[PDB]
Amino acid sequence: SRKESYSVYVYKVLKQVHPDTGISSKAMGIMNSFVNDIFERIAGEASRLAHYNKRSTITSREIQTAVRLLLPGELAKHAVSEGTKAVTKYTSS
Amino acid sequence: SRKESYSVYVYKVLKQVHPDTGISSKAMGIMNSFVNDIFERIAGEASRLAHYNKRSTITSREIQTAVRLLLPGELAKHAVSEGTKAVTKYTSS
Amino acid sequence: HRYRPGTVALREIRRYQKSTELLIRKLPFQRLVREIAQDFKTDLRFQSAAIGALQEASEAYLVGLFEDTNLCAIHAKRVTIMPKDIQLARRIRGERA
Amino acid sequence: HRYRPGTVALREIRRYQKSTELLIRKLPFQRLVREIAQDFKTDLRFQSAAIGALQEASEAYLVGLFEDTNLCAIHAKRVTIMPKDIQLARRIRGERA
Amino acid sequence: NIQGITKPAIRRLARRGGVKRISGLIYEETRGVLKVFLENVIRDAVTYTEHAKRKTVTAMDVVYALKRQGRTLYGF
Amino acid sequence: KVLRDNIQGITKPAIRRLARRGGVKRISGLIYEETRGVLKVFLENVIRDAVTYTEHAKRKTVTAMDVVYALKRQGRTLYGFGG
Amino acid sequence: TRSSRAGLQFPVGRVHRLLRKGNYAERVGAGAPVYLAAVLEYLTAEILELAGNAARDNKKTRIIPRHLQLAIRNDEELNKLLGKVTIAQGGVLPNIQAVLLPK
Amino acid sequence: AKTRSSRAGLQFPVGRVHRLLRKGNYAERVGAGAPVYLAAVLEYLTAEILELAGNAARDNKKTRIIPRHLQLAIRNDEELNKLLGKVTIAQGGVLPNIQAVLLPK
DNA sequence: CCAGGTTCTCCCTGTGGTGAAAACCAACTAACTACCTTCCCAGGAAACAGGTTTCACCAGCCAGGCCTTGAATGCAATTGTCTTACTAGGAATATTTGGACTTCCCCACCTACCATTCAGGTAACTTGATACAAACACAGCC
DNA sequence: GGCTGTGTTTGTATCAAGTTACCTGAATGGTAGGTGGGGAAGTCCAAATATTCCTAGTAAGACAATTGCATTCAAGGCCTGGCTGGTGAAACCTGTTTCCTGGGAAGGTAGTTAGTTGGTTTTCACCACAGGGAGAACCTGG
Ligand SMILES: [Mn+2]
Numbered sequence: 033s034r035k036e037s038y039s040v041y042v043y044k045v046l047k048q049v050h051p052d053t054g055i056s057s058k059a060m061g062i063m064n065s066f067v068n069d070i071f072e073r074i075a076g077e078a079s080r081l082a083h084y085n086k087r088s089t090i091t092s093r094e095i096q097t098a099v100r101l102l103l104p105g106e107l108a109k110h111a112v113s114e115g116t117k118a119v120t121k122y123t124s125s
Numbered sequence: 033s034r035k036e037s038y039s040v041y042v043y044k045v046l047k048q049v050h051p052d053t054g055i056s057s058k059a060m061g062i063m064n065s066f067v068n069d070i071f072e073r074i075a076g077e078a079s080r081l082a083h084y085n086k087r088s089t090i091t092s093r094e095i096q097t098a099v100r101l102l103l104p105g106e107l108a109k110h111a112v113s114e115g116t117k118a119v120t121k122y123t124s125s
Numbered sequence: 040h041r042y043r044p045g046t047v048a049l050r051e052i053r054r055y056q057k058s059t060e061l062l063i064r065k066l067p068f069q070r071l072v073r074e075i076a077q078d079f080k081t082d083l084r085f086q087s088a089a090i091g092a093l094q095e096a097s098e099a100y101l102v103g104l105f106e107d108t109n110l111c112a113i114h115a116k117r118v119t120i121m122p123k124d125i126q127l128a129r130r131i132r133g134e135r136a
Numbered sequence: 040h041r042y043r044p045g046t047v048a049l050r051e052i053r054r055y056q057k058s059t060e061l062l063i064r065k066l067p068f069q070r071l072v073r074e075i076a077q078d079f080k081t082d083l084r085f086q087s088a089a090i091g092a093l094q095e096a097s098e099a100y101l102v103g104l105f106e107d108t109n110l111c112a113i114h115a116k117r118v119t120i121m122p123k124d125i126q127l128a129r130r131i132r133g134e135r136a
Numbered sequence: 026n027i028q029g030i031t032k033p034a035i036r037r038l039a040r041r042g043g044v045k046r047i048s049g050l051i052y053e054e055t056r057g058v059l060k061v062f063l064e065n066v067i068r069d070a071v072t073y074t075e076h077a078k079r080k081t082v083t084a085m086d087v088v089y090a091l092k093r094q095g096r097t098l099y100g101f
Numbered sequence: 021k022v023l024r025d026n027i028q029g030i031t032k033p034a035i036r037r038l039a040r041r042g043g044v045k046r047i048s049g050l051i052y053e054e055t056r057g058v059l060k061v062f063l064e065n066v067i068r069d070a071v072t073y074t075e076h077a078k079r080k081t082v083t084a085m086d087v088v089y090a091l092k093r094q095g096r097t098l099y100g101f102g103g
Numbered sequence: 017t018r019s020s021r022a023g024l025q026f027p028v029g030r031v032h033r034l035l036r037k038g039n040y041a042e043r044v045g046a047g048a049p050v051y052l053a054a055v056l057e058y059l060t061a062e063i064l065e066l067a068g069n070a071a072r073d074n075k076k077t078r079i080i081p082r083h084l085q086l087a088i089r090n091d092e093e094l095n096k097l098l099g100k101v102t103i104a105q106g107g108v109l110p111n112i113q114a115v116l117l118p119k
Numbered sequence: 015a016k017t018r019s020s021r022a023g024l025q026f027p028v029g030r031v032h033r034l035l036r037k038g039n040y041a042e043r044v045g046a047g048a049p050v051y052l053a054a055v056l057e058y059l060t061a062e063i064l065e066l067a068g069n070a071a072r073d074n075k076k077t078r079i080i081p082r083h084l085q086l087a088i089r090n091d092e093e094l095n096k097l098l099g100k101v102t103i104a105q106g107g108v109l110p111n112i113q114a115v116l117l118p119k
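Protein chains in written order, with the UniProt record's numbering: chain X, 33 to 125; chain D, 33 to 125; chain B, 40 to 136; chain P, 40 to 136; chain V, 26 to 101; chain C, 21 to 103; chain W, 17 to 119; chain H, 15 to 119.
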């Protein structure tokens, strides 16, 4: 059939961060499963946060609280900063 | 407001199994949280089982497989027997 | 007269396993909870049952920790717990890395 | 000429921590998995990659178990390990069979 | 403050676990670990209470934070 | 074909090399048999789950994703096989 | 009435609503919630059975959480199901290690 | 800017993530900037891991990245090990680590 | 074996938590309808078990031997145990004050729909990072 | 100081990326629309703060007795290596079984209305257990 993945985006991020570092197929499969794992965790936690307050809509606030819950301190701080910058950049356009 | 619970059904089951055993309020609250906990576990596992096979309907089969997964051996065997009896009793009526 | 050392300790062990009341005094625990809570966010109020829930969780956690610590201490042919036993138990559970 | 006890073990520790191939021969593990699979249901077929995934997971489980057993044995002022250490580590993990 | 956890009180907890004889240096140890155990719970629970834009921690926030830890609490 | 006497397929140098990777120096002679027993218990609490997924979709072949879902349920996530 | 028609005790309509209002799938087929209600009925019956036995063995007739704690922590299979569970006002089993007791 | 990632200046497909969030039954409905924020989170985490991965890769004079380097970069750090302490990487291996009392004199 | 000290049991008094009962009211079932995922049937083919060979690497076995473990021991020292002063928590109670919660009302905003399009999986052609072999320097080990 | 292993470059060849042209289908875009969510005021509930007092738990000081700990020695139980044969492993051909795709029929299940019956709430008597105090007796040091 036609299976969906993330490898091209991993290439783009890798070439933004490193010019001359290759990558095997096994590492690509590991990073693909890694992205699916974190996305599954955050989506499930956001769903329970939306369900707890009798709300019926996922917004950016629930994902911000979920990322503040799951990730440890420094990663949570940097991730909230990055996401806030991205939301402002999208909104001003 | 008006909160929902299970205490009357716990009374009915208790009087089916014991004539002269009382129960405090604290034990009732514990059993209420217990029922909500097991129902939450089974419903979540049935949802993931329905999602894994690209199916979009929860039936009795998924709950049978979920109860066979979560509970240990003897409890799983007796629970599958009880649920099968209940399904046949409902269907024949 | 006097008791031999250790006998009334076993008496106390039977006494506290027999009963199920709270053991840590309430107001020092409540001041400790509010004192820790000041650092993460100021101007916070607590429902009292939430403080009770924290007390229950802390008690159960410490009881399980002391049981596993006792097992580690009995393994090394001693009958007295030591801080390396607590560190060993918290390592094997994987709490601290 | 003969090596002393102590050095060969360190050489093997450094080698088998350096390299990351597999350490269990494929066919006896395959016979074992297919045996235990037959014990539940008759006439079951496996993709080979699922057998490889099982071998990877069970190797990881045994390596982590021996690391925690080594910590428990070093705690009791010994160097040799004994099955008391494995039994204690599996009790403290909580998985009690 | 942290010395509110009292020296004969801790003994009682160890007597519930079935410990016969205790050293002294456990005491300065035991105030540490308990403190760390609060520093993971309350940090989560406050994060719920700011999410609902309220100023009072209710019991269900503590129950949810303990459920995410795995130490599931009944009765509440 | 009946199948039996395969738990001794795991040999003493294999467990020896596994303990060498963990950082263990001296091994008693009584570890070996005991280790086998632990391994057997572990495989039960994978395979008993795994085939249930295979029993659910009405199949005869246990794929790799079923083992990955079984290990993900047991609390040991595995990467590198999809899912 | 569905609970009488199956000959059960837990409210089938309530469990059916809670499967609807919980967002678990698209559609919930019938035959599922009666099966689930039977499972919950069996579990509650088992626990109240053992709790009543433990309560009668202490010369009482009401149930306090000490009874529930001693009922769960004696049976093996419920102990393995509820290992991650803390019960309020519970306590532990009377448990003494071997080398503690004197001579 | 045609794509939404171009409108936000990111690299992960926001339409794909929005499709998954709608068809993963996580809610009744999805707000606007939620997949944007989530794509940002994933991009930051992926860059943070691949950077230290490439550093550990060039520390052994190799050009490509094999999973041994991912294992060593995850375990040698602290925050990732707190995050990923329940994960077995295929072809992983352990850290080079020997206890203190085992070394002879 | 004897003195005393804590623990189990029996009986009397009191109570407030609990089972019971009348009234209130939102949820539960029956009946009809569209429609829609799902059950059933058949085939192509990818893959899995089966077998065989030939080799090639490693597991078993047995003797030597030597270092780890373990029991016995003396000695120091830390901790249980008892007593005396003291001090701060438990509880009622009043004050108060900020705050959650609920009733209404108004405004952004996500969904559905449909026409348009480009960037992304797929395959063939091309180069190159590296395992491997092999010889030589250094480090170190006994 | 002689025996050994790990590391330092040289060179291949090769299989494993990397690059580029192409065919699909998932993303983008303007417009109703209704609906979920933000604001505003009361009110009533519910945490915070003073007070006192008195009692039961806590802090401290001495004192032995019991446990932790360093030492010492015997023995045994496990490291080491040489060699035989023994089974894993790689490759290749063969049957055949199960899976996936595809089309058609269908029974099951959302969706709306109407009728009603079980699920909550308040108050009311009263009994199971708290409290205690007294006797008895099992328990532990002398
Ligand atoms: Mn068999």
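C-beta: ideal position from N, C-alpha, C; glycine also.
message = To be precise: take each residue of the segment 36-48 of chain V, compare its Cβ to all Cβ atoms of chain B, and keep it if any distance is under 8 Å. Which residues remain?
response = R37, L38, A39, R40, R41, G42, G43, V44, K45, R46, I47, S48
inquiry  = If you measure between the beta carbons of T77 (chain W) and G54 (chain D), is that distance less than 7 Å?
reply    = Yes. Within cutoff.
First and last residue of the uninterrupted alpha helix (DSSP H) at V87 (chain V) = Residue range 84-94 is occupied by the alpha helix (DSSP H) that includes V87 (chain V).
As assigned by DSSP and simplified to three states, the class of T74 (chain C) = helix
ask   = Among residues of its own chain, excluding the 5 on either side of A136 (chain P), which ones have a beta-carbon nearer than 8 Å to its beta-carbon?
value = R129
query = Quick one, which of C:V87, C:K21, C:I30 has its alpha-carbon nearest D78 (chain P)'s?
reply = C:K21
request  = Mind the definition here: the segment 54-73 of chain D touches the segment 76-93 of chain W only if three or more C-beta pairs lie below 8 Å; say whether that holds.
outcome  = yes
ask   = Within the 7 Å Cβ cut-off, does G107 (chain H) reach chain P?
value = yes
key: Integer-rounded CB distance, given that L46 (chain D) should sit under 8 Å from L64 (chain W)   = 6 Å
message = Less than 7 Å between the C-beta atoms of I95 (chain X) and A53 (chain H), yes or no?
response = no
query = So, using beta-carbon positions, are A71 (chain W) and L86 (chain W) closer together than 7 Å?
reply = The answer is no: Cβ separation not under 7 Å.
ask   = Would the beta-carbon of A90 (chain V) fall within 7 Å of that of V82 (chain V)?
value = no
key: Residue interval of the beta strand (DSSP E) (run including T102 (chain H))   = Run containing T102 (chain H): 101-103, per the beta strand (DSSP E) assignment.
query = When the Cα atoms are used, what is the spatial distance from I88 (chain H) to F71 (chain X)?
reply = 19 Å
request  = With DSSP collapsed to three states, give me the class of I63 (chain W).
outcome  = helix
request  = Confirm, please, whether the CB-CB distance from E93 (chain W) to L107 (chain D) is below 7 Å.
outcome  = yes
message = Going by DSSP, what residue range makes up the beta strand (DSSP E) through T97 (chain C)?
response = Note, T97 (chain C): beta strand (DSSP E), 97-99.
task = With 9 Å as the limit, tell me which residues of the segment 56-68 of chain P have their beta carbon closer than that to any beta carbon of chain C; keep them in chain order.
result = Of all residues in the segment 56-68 of chain P, the ones placed with a Cβ closer than 9 Å to any Cβ belonging to chain C are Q56, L62, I63, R64, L66, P67, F68, in chain order.
task = Would you check if the distance between the CB atom of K78 (chain C) and the CB atom of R84 (chain P) is smaller than 7 Å?
result = no
task = Could you tell me whether the segment 106-115 of chain W touches the segment 53-64 of chain B, where touching means 3 or more Cβ pairs closer than 8 Å?
result = yes
message = Run through the DSSP bridge pairs and tell me what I120 (chain B) is partnered with.
response = V:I47
key: Given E53 (chain C) as reference, the closest of C:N26, C:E64, C:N65 once Cα atoms are compared   = C:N26
query = Is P67 (chain B) near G29 (chain V), with beta carbons less than 7 Å apart?
reply = yes
task = Determine which residues of the segment 57-81 of chain C have a Cβ less than 7 Å from any Cβ of chain D, and write them out in chain order.
result = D69, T72, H76, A77
Distance between beta carbons of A41 (chain W) and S88 (chain D), contact taken as under 8 Å = 6 Å
task = Take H110 (chain X) as the anchor and find which of H:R18, H:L35, H:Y58, H:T17 has the nearest alpha-carbon.
result = H:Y58
query = By a C-beta neighbour count over all protein chains shown, 10 Å radius and 16 as the cutoff for buried, is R40 (chain V) buried or exposed?
reply = buried
ask   = At which residues does the alpha helix (DSSP H) containing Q94 (chain B) begin and terminate?
value = 87-114
query = If you compare alpha carbons, which of D:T120, D:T97, D:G105 is closest to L97 (chain W)?
reply = Per the Cα distances, D:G105.
ask   = In chain D, which residues lie less than 7 Å from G95 (chain V) when you measure between Cβ atoms?
value = Neighbours of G95 (chain V) on chain D: none; closest Cβ ~13 Å, over 7 Å.
task = Kindly indicate the opening and closing residues of the alpha helix (DSSP H) around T116 (chain D).
result = 105-124
query = Would the beta-carbon of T91 (chain X) fall within 7 Å of that of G29 (chain H)?
reply = Not a contact, by the Cβ cut-off of 7 Å.
task = Let me know the alpha helix (DSSP H) ranges lying completely inside the segment 65-89 of chain W, each 4 residues or longer, listed in chain order.
result = Qualifying alpha helix (DSSP H) stretches, in chain order: 81-88.
request  = With DSSP as the reference, please indicate the residues paired to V44 (chain H) in a beta bridge.
outcome  = Paired residue(s): X:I90.
ask   = Taking all protein chains shown into account, do 16 or more other C-beta atoms lie within 10 angstroms of the C-beta of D124 (chain B), making it buried, or fewer, making it exposed?
value = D124 (chain B) should be labelled buried.
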